[PDB]
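Enquirer: no sequence for this one, just the structure:
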């Protein structure tokens, strides 16, 4: 009941569209720099 | 007086007790044996500087 009709986009009035959530799936590749040792720097009696 | 040397040789076993005593007396340390294999130093990344996220409207 208004001028602006047939416009492409998505207004903020009701974005949820009655849905609890919008979901997305994917893969997650991380190349972080751990502090982890290499089993050295550990005392000489490092054993059962 | 020749028996000094015989006596020292025969009684030499007491040096084990002496070694135990000095071992108990001495303070102690130890090692954390070092790692080899820093054969590949690693640079940060290919990094490029730019302005942040401008908030347009």
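Expert: Okay, I see it. Numbers count the residues shown, from 1 in each chain, chains lettered A, B, ... in the order given.
Enquirer: checking residue B:20 next. Helix, strand or coil?
Expert: Assigned with DSSP: H, G, I helix; E, B strand; the rest coil, residue B:20 falls in the helix class.
Enquirer: and for it, the neighbour number?
Expert: Neighbour count for residue B:20, taken as other Cβ atoms under 10 Å in any protein chain shown: 10. C-beta: built from backbone N, CA, C; applies to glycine.
Enquirer: one more: residue A:42?
Expert: 13.
Enquirer: dump the residue contacts of it.
Expert: Contact analysis of residue A:42 by Cβ atoms under 8 Å, 6 or more residues apart in numbering or on different chains lists B:32, B:33.
Enquirer: how much space separates it from residue B:26?
Expert: Note on residue A:42: its distance to residue B:26, by Cβ to Cβ, to the nearest Å, is 24 Å.
Enquirer: hey, where'd the helices end up in the chain?
Expert: Using chain A. Remark: no helices are assigned in chain A by DSSP state H.
Enquirer: ah, no, chain B please
Expert: B:3-11, B:14-25.
Enquirer: for chain A, which of these is the nearest?
Expert: Chain A lies closest to helix B:14-25 among the helices of chain B, at 17.4 Å (Cβ to the nearest Cβ).
Enquirer: if anything else comes up later, I'll come back, but that's it for now.
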